[PDB]
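> Got a file for you: structure00.csv, CSV, C-alpha atoms.
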chain,number,residue,atom,x,y,z
O,1,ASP,CA,114.2,302.3,108.8
O,2,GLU,CA,115.1,303.6,105.3
O,3,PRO,CA,112.0,304.9,103.4
O,4,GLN,CA,112.6,305.8,99.7
O,5,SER,CA,111.2,303.7,96.9
O,6,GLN,CA,112.0,300.1,97.7
O,7,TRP,CA,108.5,299.1,98.6
O,8,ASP,CA,107.5,299.8,95.0
O,9,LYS,CA,110.2,297.6,93.5
O,10,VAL,CA,109.5,294.6,95.7
O,11,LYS,CA,105.8,295.0,95.0
O,12,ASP,CA,106.7,294.6,91.3
O,13,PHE,CA,108.3,291.1,91.3
O,14,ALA,CA,105.7,290.2,94.0
O,15,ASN,CA,103.0,290.2,91.4
O,16,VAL,CA,105.4,289.0,88.7
O,17,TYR,CA,106.0,285.5,90.0
O,18,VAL,CA,102.3,285.5,91.0
O,19,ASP,CA,101.1,286.3,87.5
O,20,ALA,CA,103.0,283.2,86.2
O,21,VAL,CA,102.1,280.6,88.8
O,22,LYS,CA,98.5,281.9,88.6
O,23,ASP,CA,98.5,281.7,84.8
O,24,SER,CA,99.6,278.1,85.0
O,25,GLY,CA,96.9,277.2,87.4
O,26,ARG,CA,94.1,278.4,85.2
O,27,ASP,CA,95.5,276.4,82.3
O,28,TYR,CA,96.4,273.4,84.4
O,29,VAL,CA,92.9,273.2,85.8
O,30,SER,CA,91.4,273.5,82.3
O,31,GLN,CA,93.2,270.5,80.9
O,32,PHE,CA,92.7,268.2,84.0
O,33,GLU,CA,89.0,269.3,84.3
O,34,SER,CA,88.7,268.8,80.6
O,35,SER,CA,90.0,265.2,80.9
O,36,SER,CA,87.4,264.0,83.2
O,37,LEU,CA,84.4,265.7,81.6
O,38,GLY,CA,86.0,265.0,78.3
O,39,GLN,CA,86.2,261.3,79.0
O,40,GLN,CA,82.5,260.7,79.6
O,41,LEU,CA,81.6,263.3,77.0
O,42,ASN,CA,83.6,261.7,74.2
O,43,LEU,CA,82.5,258.2,75.1
O,44,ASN,CA,78.9,259.5,75.0
O,45,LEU,CA,79.3,260.7,71.4
O,46,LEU,CA,80.2,257.2,70.5
O,47,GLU,CA,77.4,255.4,72.2
O,48,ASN,CA,74.7,258.0,71.4
O,49,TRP,CA,75.7,257.3,67.7
O,50,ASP,CA,73.4,254.3,68.0
O,51,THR,CA,73.5,252.6,71.4
O,52,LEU,CA,72.2,255.7,73.1
O,53,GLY,CA,72.5,254.7,76.7
O,54,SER,CA,75.9,255.5,78.2
O,55,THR,CA,77.4,253.9,81.3
O,56,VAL,CA,80.2,253.8,83.8
O,57,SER,CA,82.4,251.3,82.0
O,58,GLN,CA,85.3,253.6,83.0
O,59,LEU,CA,84.5,257.1,82.0
O,60,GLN,CA,82.6,257.7,85.2
O,61,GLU,CA,84.8,255.4,87.4
O,62,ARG,CA,87.8,257.4,86.3
O,63,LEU,CA,85.9,260.8,86.5
O,64,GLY,CA,85.6,260.1,90.2
O,65,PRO,CA,89.2,260.4,91.3
O,66,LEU,CA,89.9,262.7,88.3
O,67,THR,CA,87.9,265.7,89.3
O,68,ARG,CA,88.9,265.0,93.0
O,69,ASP,CA,92.5,264.9,92.0
O,70,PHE,CA,93.0,268.4,90.4
O,71,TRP,CA,90.5,269.6,93.0
O,72,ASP,CA,92.7,269.3,96.1
O,73,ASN,CA,95.7,269.8,93.8
O,74,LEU,CA,94.9,273.3,92.5
O,75,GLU,CA,92.9,273.9,95.7
O,76,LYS,CA,96.2,274.3,97.5
O,77,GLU,CA,98.3,275.9,94.7
O,78,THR,CA,95.7,278.5,93.7
O,79,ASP,CA,94.8,279.2,97.3
O,80,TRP,CA,98.5,279.7,97.9
O,81,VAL,CA,99.5,281.8,94.9
O,82,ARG,CA,96.4,283.9,95.6
O,83,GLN,CA,96.7,284.4,99.4
O,84,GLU,CA,100.4,285.0,98.8
O,85,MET,CA,99.7,287.4,95.9
O,86,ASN,CA,98.6,290.3,98.3
O,87,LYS,CA,100.3,288.9,101.4
O,88,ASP,CA,103.8,288.7,99.8
O,89,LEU,CA,103.1,292.2,98.5
O,90,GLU,CA,103.0,293.7,102.0
O,91,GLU,CA,105.3,291.0,103.3
O,92,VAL,CA,108.2,291.8,100.9
O,93,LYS,CA,107.8,295.6,101.5
O,94,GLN,CA,107.8,295.0,105.2
O,95,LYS,CA,110.8,292.7,105.1
O,96,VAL,CA,113.0,295.0,103.0
O,97,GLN,CA,112.9,297.5,105.9
O,98,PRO,CA,114.5,295.2,108.5
O,99,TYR,CA,116.7,293.8,105.7
O,100,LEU,CA,115.4,290.2,105.7
O,101,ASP,CA,115.9,287.4,103.2
O,102,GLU,CA,112.5,287.8,101.5
O,103,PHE,CA,114.3,287.6,98.2
O,104,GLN,CA,116.0,284.1,98.6
O,105,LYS,CA,113.1,283.1,100.9
O,106,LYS,CA,110.3,283.6,98.3
O,107,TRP,CA,112.4,281.4,96.0
O,108,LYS,CA,112.0,278.5,98.4
O,109,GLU,CA,108.3,279.2,98.6
O,110,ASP,CA,107.4,279.9,95.0
O,111,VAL,CA,109.3,276.8,93.9
O,112,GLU,CA,107.5,274.8,96.6
O,113,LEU,CA,104.0,275.7,95.4
O,114,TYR,CA,105.1,275.1,91.8
O,115,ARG,CA,106.5,271.6,92.6
O,116,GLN,CA,102.9,270.7,93.4
O,117,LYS,CA,100.9,272.0,90.4
O,118,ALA,CA,103.8,271.2,88.1
O,119,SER,CA,103.8,267.7,89.5
O,120,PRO,CA,100.2,266.5,89.1
O,121,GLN,CA,100.1,263.3,91.1
O,122,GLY,CA,96.9,262.5,89.2
O,123,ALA,CA,98.9,262.2,86.0
O,124,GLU,CA,100.9,259.3,87.3
O,125,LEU,CA,98.1,258.1,89.5
O,126,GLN,CA,95.8,257.1,86.7
O,127,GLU,CA,98.6,256.3,84.4
O,128,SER,CA,100.1,253.8,86.8
O,129,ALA,CA,96.6,252.8,88.1
O,130,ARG,CA,96.3,250.9,84.8
O,131,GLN,CA,99.7,250.4,83.2
O,132,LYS,CA,100.4,247.3,81.2
O,133,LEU,CA,99.9,249.5,78.1
O,134,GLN,CA,101.1,252.8,76.6
O,135,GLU,CA,99.8,255.4,74.2
O,136,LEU,CA,98.1,253.2,71.6
O,137,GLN,CA,95.1,251.0,70.8
O,138,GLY,CA,94.3,247.6,72.3
O,139,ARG,CA,90.6,247.5,73.1
O,140,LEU,CA,89.3,246.8,69.6
O,141,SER,CA,86.0,248.5,70.4
O,142,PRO,CA,85.5,252.1,69.1
O,143,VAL,CA,85.9,253.3,72.7
O,144,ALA,CA,89.7,253.1,72.4
O,145,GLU,CA,89.4,256.2,70.3
O,146,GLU,CA,88.1,258.5,73.1
O,147,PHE,CA,90.2,256.7,75.7
O,148,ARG,CA,93.5,256.9,73.7
O,149,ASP,CA,92.8,260.4,72.4
O,150,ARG,CA,92.2,261.4,76.1
O,151,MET,CA,95.2,259.6,77.4
O,152,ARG,CA,97.6,261.4,75.0
O,153,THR,CA,95.8,264.8,75.0
O,154,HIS,CA,95.8,264.5,78.8
O,155,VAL,CA,99.6,264.5,79.4
O,156,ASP,CA,100.1,266.3,76.1
O,157,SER,CA,98.2,269.5,77.1
O,158,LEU,CA,99.3,269.2,80.7
O,159,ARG,CA,103.0,269.5,79.6
O,160,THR,CA,102.0,272.0,77.0
O,161,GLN,CA,101.0,274.6,79.6
O,162,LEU,CA,103.8,273.7,82.1
O,163,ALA,CA,106.3,273.7,79.2
O,164,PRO,CA,106.4,277.5,78.9
O,165,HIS,CA,105.4,278.3,82.5
O,166,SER,CA,108.4,276.2,83.5
O,167,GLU,CA,111.0,278.1,81.4
O,168,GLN,CA,109.5,281.4,82.3
O,169,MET,CA,109.4,280.6,86.0
O,170,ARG,CA,113.1,279.9,85.9
O,171,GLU,CA,113.7,283.2,84.2
O,172,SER,CA,111.4,285.4,86.4
O,173,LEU,CA,112.5,284.0,89.8
O,174,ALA,CA,116.1,284.2,88.4
O,175,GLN,CA,116.1,287.9,87.5
O,176,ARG,CA,113.8,288.5,90.5
O,177,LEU,CA,116.5,288.1,93.2
O,178,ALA,CA,118.8,289.9,90.8
O,179,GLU,CA,116.5,292.8,90.6
O,180,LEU,CA,116.3,293.4,94.3
O,181,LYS,CA,120.0,292.5,94.8
O,182,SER,CA,121.4,294.5,91.9
O,183,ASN,CA,118.7,297.1,92.0
O,184,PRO,CA,118.7,298.2,88.3
O,185,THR,CA,115.7,300.5,88.6
O,186,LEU,CA,112.3,301.1,90.1
O,187,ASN,CA,108.8,301.7,88.7
O,188,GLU,CA,105.7,303.1,90.3
O,189,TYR,CA,102.4,301.6,89.1
O,190,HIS,CA,99.6,300.1,91.1
O,191,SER,CA,99.0,297.4,88.5
O,192,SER,CA,95.5,296.0,89.2
O,193,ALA,CA,94.5,293.7,86.4
O,194,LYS,CA,95.1,295.3,83.0
O,195,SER,CA,97.5,293.7,80.5
O,196,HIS,CA,99.5,292.3,83.4
O,197,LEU,CA,100.9,289.6,81.1
O,198,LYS,CA,101.8,292.1,78.4
O,199,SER,CA,103.6,294.6,80.7
O,200,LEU,CA,105.4,291.7,82.2
O,201,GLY,CA,106.8,290.3,79.0
O,202,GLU,CA,108.0,293.8,78.0
O,203,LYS,CA,110.0,294.0,81.2
O,204,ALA,CA,110.8,290.2,81.5
O,205,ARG,CA,113.7,288.0,80.5
O,206,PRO,CA,114.5,287.6,76.8
O,207,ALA,CA,112.1,284.8,76.0
O,208,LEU,CA,108.6,285.9,77.0
O,209,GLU,CA,108.7,288.9,74.8
O,210,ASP,CA,108.0,286.5,71.9
O,211,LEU,CA,104.7,285.4,73.5
O,212,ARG,CA,103.7,288.9,74.7
O,213,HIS,CA,103.5,290.0,71.0
O,214,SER,CA,101.8,286.9,69.7
O,215,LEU,CA,99.0,287.1,72.2
O,216,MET,CA,96.1,289.6,71.8
Render the structure in this file as structure tokens.

Amino acid sequence: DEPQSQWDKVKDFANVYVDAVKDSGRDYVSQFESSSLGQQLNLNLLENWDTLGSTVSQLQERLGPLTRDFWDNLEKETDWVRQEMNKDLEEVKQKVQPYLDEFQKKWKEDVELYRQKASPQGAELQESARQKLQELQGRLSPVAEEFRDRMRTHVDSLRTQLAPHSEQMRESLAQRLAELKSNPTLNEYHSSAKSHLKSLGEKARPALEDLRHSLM
């Protein structure tokens, strides 16, 4: 029992780590979801050119486990980061009272949920499901274009979104425990959903500030 202004501080980082993990999910789902629909979509542009028929030569066959992959994948992550968004908010403020390890604890949780989204089993699933060939051409037909372009763009964008989110996650969570442990300062603002990414970069580790500016 020691009321003062700790509930406000804890509530800060609470949404911080959530803003990142949540931002990575929306971008992670866009790529994956774009791969499946983009596979049959691209192939169609090729056939429609003249053939005008389309089929399930692979675009559909792959689209099956594709959408289903990211589905259950993000389904857990998103559902977690979300439910934890508000939960952790009142959980961290209620844990600080009794003096718990919500700080080091959240680190084990956040990293857990990230290990999933960050590690899309679907990426290696489809990749290994075929194997016997790398990023290149070997089908002769014009279909290799959409396929190859999709194979590369798939893992490409996937790592493109996780690339930054990965470095930021290491910085946020890092300074996080340091903020509650060191206790540098405390702010009072019921941040709902307005420039949450901007305000974060301004008070985040020396690396996100670069993106905060270059991002209307």
> Would you list the residues near (101.0, 263.4, 90.1), meaning any protein, DNA or RNA residue with an atom at most 12 Å from that point in file coordinates, counting only C-alpha atoms, as a PDB file with C-alpha atoms, keeping the file's coordinate frame?

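Result went into selection30.pdb, see below:
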ATOM      1  CA  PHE O  32      92.700 268.200  84.000  1.00  0.00           C
ATOM      2  CA  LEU O  66      89.900 262.700  88.300  1.00  0.00           C
ATOM      3  CA  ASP O  69      92.500 264.900  92.000  1.00  0.00           C
ATOM      4  CA  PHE O  70      93.000 268.400  90.400  1.00  0.00           C
ATOM      5  CA  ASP O  72      92.700 269.300  96.100  1.00  0.00           C
ATOM      6  CA  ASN O  73      95.700 269.800  93.800  1.00  0.00           C
ATOM      7  CA  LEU O  74      94.900 273.300  92.500  1.00  0.00           C
ATOM      8  CA  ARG O 115     106.500 271.600  92.600  1.00  0.00           C
ATOM      9  CA  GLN O 116     102.900 270.700  93.400  1.00  0.00           C
ATOM     10  CA  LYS O 117     100.900 272.000  90.400  1.00  0.00           C
ATOM     11  CA  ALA O 118     103.800 271.200  88.100  1.00  0.00           C
ATOM     12  CA  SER O 119     103.800 267.700  89.500  1.00  0.00           C
ATOM     13  CA  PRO O 120     100.200 266.500  89.100  1.00  0.00           C
ATOM     14  CA  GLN O 121     100.100 263.300  91.100  1.00  0.00           C
ATOM     15  CA  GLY O 122      96.900 262.500  89.200  1.00  0.00           C
ATOM     16  CA  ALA O 123      98.900 262.200  86.000  1.00  0.00           C
ATOM     17  CA  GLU O 124     100.900 259.300  87.300  1.00  0.00           C
ATOM     18  CA  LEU O 125      98.100 258.100  89.500  1.00  0.00           C
ATOM     19  CA  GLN O 126      95.800 257.100  86.700  1.00  0.00           C
ATOM     20  CA  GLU O 127      98.600 256.300  84.400  1.00  0.00           C
ATOM     21  CA  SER O 128     100.100 253.800  86.800  1.00  0.00           C
ATOM     22  CA  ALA O 129      96.600 252.800  88.100  1.00  0.00           C
ATOM     23  CA  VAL O 155      99.600 264.500  79.400  1.00  0.00           C
ATOM     24  CA  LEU O 158      99.300 269.200  80.700  1.00  0.00           C
TER      25      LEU O 158
END
> Give me, as a list in words, all polymer residues having an atom no more than 10 Å from residue 199 in chain O, counting all atoms listed in the file and skipping those fewer than 4 positions away in the same chain.
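Result of the neighbour search: residues 16, 191, 194, 195, 203, 204, 209 and 212 of chain O.
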> Could you check which of O:65, O:104, O:152, O:114 is closest to residue 179 in chain O, using only C-alpha atoms?
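Between O:65, O:104, O:152, O:114, the residue approaching residue 179 in chain O most closely is O:104.
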> Quote the spacing between CA of residue 189 in chain O and CA of residue 21 in chain O in Å to one decimal place.
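Distance between the two atoms: 21.0 Å.
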> For residue 157 in chain O, which residue among O:34, O:213, O:143, O:1 is the nearest when counting all atoms listed in the file?
O:34
> Could you check how far CA of residue 58 in chain O sits from CA of residue 40 in chain O, in Å to one decimal?
8.4 Å
> Kindly indicate which residue among O:64, O:7, O:183, O:36 lies nearest to residue 92 in chain O, using all atoms listed in the file for the distances.
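Smallest distance to residue 92 in chain O is found for O:7.
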> Calculated over all atoms listed in the file, which of the candidates O:101, O:12, O:2, O:79 has the smallest distance to residue 25 in chain O?
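For residue 25 in chain O, the nearest of the candidates is O:79.
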> Just the number, please: distance in Å from CA of residue 44 in chain O to CA of residue 160 in chain O, one decimal.
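Distance reported for this atom pair: 26.3 Å.
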> Please produce range 126-150 of chain O, completed to N, CA, C and O atoms, as a PDB file, in the frame of the given file.

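Done, and the output landed in part.pdb:
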ATOM      1  N   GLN O 126      96.596 257.858  87.681  1.00  0.00           N
ATOM      2  CA  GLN O 126      95.800 257.100  86.700  1.00  0.00           C
ATOM      3  C   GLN O 126      96.621 256.335  85.752  1.00  0.00           C
ATOM      4  O   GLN O 126      96.293 255.198  85.417  1.00  0.00           O
ATOM      5  N   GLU O 127      97.721 256.934  85.304  1.00  0.00           N
ATOM      6  CA  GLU O 127      98.600 256.300  84.400  1.00  0.00           C
ATOM      7  C   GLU O 127      99.114 254.941  84.941  1.00  0.00           C
ATOM      8  O   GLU O 127      99.058 253.909  84.272  1.00  0.00           O
ATOM      9  N   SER O 128      99.594 254.975  86.180  1.00  0.00           N
ATOM     10  CA  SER O 128     100.100 253.800  86.800  1.00  0.00           C
ATOM     11  C   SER O 128      98.947 252.896  87.317  1.00  0.00           C
ATOM     12  O   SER O 128      99.078 251.675  87.400  1.00  0.00           O
ATOM     13  N   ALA O 129      97.820 253.525  87.631  1.00  0.00           N
ATOM     14  CA  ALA O 129      96.600 252.800  88.100  1.00  0.00           C
ATOM     15  C   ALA O 129      96.223 251.731  87.097  1.00  0.00           C
ATOM     16  O   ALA O 129      95.529 250.777  87.448  1.00  0.00           O
ATOM     17  N   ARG O 130      96.646 251.898  85.849  1.00  0.00           N
ATOM     18  CA  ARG O 130      96.300 250.900  84.800  1.00  0.00           C
ATOM     19  C   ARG O 130      97.558 250.228  84.294  1.00  0.00           C
ATOM     20  O   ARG O 130      97.662 249.006  84.395  1.00  0.00           O
ATOM     21  N   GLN O 131      98.501 250.994  83.755  1.00  0.00           N
ATOM     22  CA  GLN O 131      99.700 250.400  83.200  1.00  0.00           C
ATOM     23  C   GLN O 131      99.458 249.243  82.320  1.00  0.00           C
ATOM     24  O   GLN O 131      98.323 249.033  81.892  1.00  0.00           O
ATOM     25  N   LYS O 132     100.497 248.470  82.022  1.00  0.00           N
ATOM     26  CA  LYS O 132     100.400 247.300  81.200  1.00  0.00           C
ATOM     27  C   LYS O 132      99.968 247.720  79.742  1.00  0.00           C
ATOM     28  O   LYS O 132      99.459 246.912  78.965  1.00  0.00           O
ATOM     29  N   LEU O 133     100.209 248.985  79.414  1.00  0.00           N
ATOM     30  CA  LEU O 133      99.900 249.500  78.100  1.00  0.00           C
ATOM     31  C   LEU O 133     100.271 250.979  77.976  1.00  0.00           C
ATOM     32  O   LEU O 133     100.147 251.740  78.936  1.00  0.00           O
ATOM     33  N   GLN O 134     100.738 251.371  76.795  1.00  0.00           N
ATOM     34  CA  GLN O 134     101.100 252.800  76.600  1.00  0.00           C
ATOM     35  C   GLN O 134     100.215 253.423  75.548  1.00  0.00           C
ATOM     36  O   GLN O 134      99.198 252.854  75.153  1.00  0.00           O
ATOM     37  N   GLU O 135     100.572 254.636  75.140  1.00  0.00           N
ATOM     38  CA  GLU O 135      99.800 255.400  74.200  1.00  0.00           C
ATOM     39  C   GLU O 135      99.579 254.591  72.892  1.00  0.00           C
ATOM     40  O   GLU O 135     100.461 254.560  72.032  1.00  0.00           O
ATOM     41  N   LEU O 136      98.423 253.949  72.765  1.00  0.00           N
ATOM     42  CA  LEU O 136      98.100 253.200  71.600  1.00  0.00           C
ATOM     43  C   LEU O 136      96.723 252.539  71.686  1.00  0.00           C
ATOM     44  O   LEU O 136      95.947 252.886  72.575  1.00  0.00           O
ATOM     45  N   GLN O 137      96.416 251.623  70.772  1.00  0.00           N
ATOM     46  CA  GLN O 137      95.100 251.000  70.800  1.00  0.00           C
ATOM     47  C   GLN O 137      95.257 249.487  71.135  1.00  0.00           C
ATOM     48  O   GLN O 137      96.205 248.819  70.723  1.00  0.00           O
ATOM     49  N   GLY O 138      94.305 248.987  71.917  1.00  0.00           N
ATOM     50  CA  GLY O 138      94.300 247.600  72.300  1.00  0.00           C
ATOM     51  C   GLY O 138      93.035 247.144  72.956  1.00  0.00           C
ATOM     52  O   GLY O 138      93.017 246.225  73.775  1.00  0.00           O
ATOM     53  N   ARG O 139      91.941 247.792  72.570  1.00  0.00           N
ATOM     54  CA  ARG O 139      90.600 247.500  73.100  1.00  0.00           C
ATOM     55  C   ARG O 139      89.701 246.967  71.986  1.00  0.00           C
ATOM     56  O   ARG O 139      88.645 246.391  72.250  1.00  0.00           O
ATOM     57  N   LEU O 140      90.105 247.202  70.743  1.00  0.00           N
ATOM     58  CA  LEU O 140      89.300 246.800  69.600  1.00  0.00           C
ATOM     59  C   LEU O 140      88.099 247.693  69.410  1.00  0.00           C
ATOM     60  O   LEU O 140      87.952 248.356  68.384  1.00  0.00           O
ATOM     61  N   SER O 141      87.232 247.719  70.417  1.00  0.00           N
ATOM     62  CA  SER O 141      86.000 248.500  70.400  1.00  0.00           C
ATOM     63  C   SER O 141      86.371 249.982  69.995  1.00  0.00           C
ATOM     64  O   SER O 141      87.514 250.425  70.108  1.00  0.00           O
ATOM     65  N   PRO O 142      85.356 250.730  69.538  1.00  0.00           N
ATOM     66  CA  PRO O 142      85.500 252.100  69.100  1.00  0.00           C
ATOM     67  C   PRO O 142      85.790 253.046  70.327  1.00  0.00           C
ATOM     68  O   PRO O 142      86.107 254.223  70.158  1.00  0.00           O
ATOM     69  N   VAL O 143      85.659 252.498  71.531  1.00  0.00           N
ATOM     70  CA  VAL O 143      85.900 253.300  72.700  1.00  0.00           C
ATOM     71  C   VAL O 143      87.358 253.643  72.892  1.00  0.00           C
ATOM     72  O   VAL O 143      87.690 254.673  73.478  1.00  0.00           O
ATOM     73  N   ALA O 144      88.234 252.804  72.352  1.00  0.00           N
ATOM     74  CA  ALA O 144      89.700 253.100  72.400  1.00  0.00           C
ATOM     75  C   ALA O 144      90.017 254.423  71.846  1.00  0.00           C
ATOM     76  O   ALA O 144      91.029 255.019  72.212  1.00  0.00           O
ATOM     77  N   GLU O 145      89.171 254.915  70.947  1.00  0.00           N
ATOM     78  CA  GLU O 145      89.400 256.200  70.300  1.00  0.00           C
ATOM     79  C   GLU O 145      89.371 257.329  71.370  1.00  0.00           C
ATOM     80  O   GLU O 145      90.353 258.050  71.540  1.00  0.00           O
ATOM     81  N   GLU O 146      88.246 257.461  72.065  1.00  0.00           N
ATOM     82  CA  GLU O 146      88.100 258.500  73.100  1.00  0.00           C
ATOM     83  C   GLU O 146      89.125 258.293  74.204  1.00  0.00           C
ATOM     84  O   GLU O 146      89.749 259.250  74.661  1.00  0.00           O
ATOM     85  N   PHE O 147      89.292 257.047  74.637  1.00  0.00           N
ATOM     86  CA  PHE O 147      90.200 256.700  75.700  1.00  0.00           C
ATOM     87  C   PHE O 147      91.658 257.125  75.297  1.00  0.00           C
ATOM     88  O   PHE O 147      92.315 257.905  75.988  1.00  0.00           O
ATOM     89  N   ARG O 148      92.124 256.584  74.176  1.00  0.00           N
ATOM     90  CA  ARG O 148      93.500 256.900  73.700  1.00  0.00           C
ATOM     91  C   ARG O 148      93.641 258.380  73.459  1.00  0.00           C
ATOM     92  O   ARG O 148      94.607 258.979  73.932  1.00  0.00           O
ATOM     93  N   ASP O 149      92.704 258.978  72.732  1.00  0.00           N
ATOM     94  CA  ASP O 149      92.800 260.400  72.400  1.00  0.00           C
ATOM     95  C   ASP O 149      92.816 261.219  73.734  1.00  0.00           C
ATOM     96  O   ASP O 149      93.423 262.290  73.776  1.00  0.00           O
ATOM     97  N   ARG O 150      92.183 260.704  74.782  1.00  0.00           N
ATOM     98  CA  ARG O 150      92.200 261.400  76.100  1.00  0.00           C
ATOM     99  C   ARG O 150      93.474 261.164  76.822  1.00  0.00           C
ATOM    100  O   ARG O 150      94.008 262.084  77.440  1.00  0.00           O
TER     101      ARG O 150
END
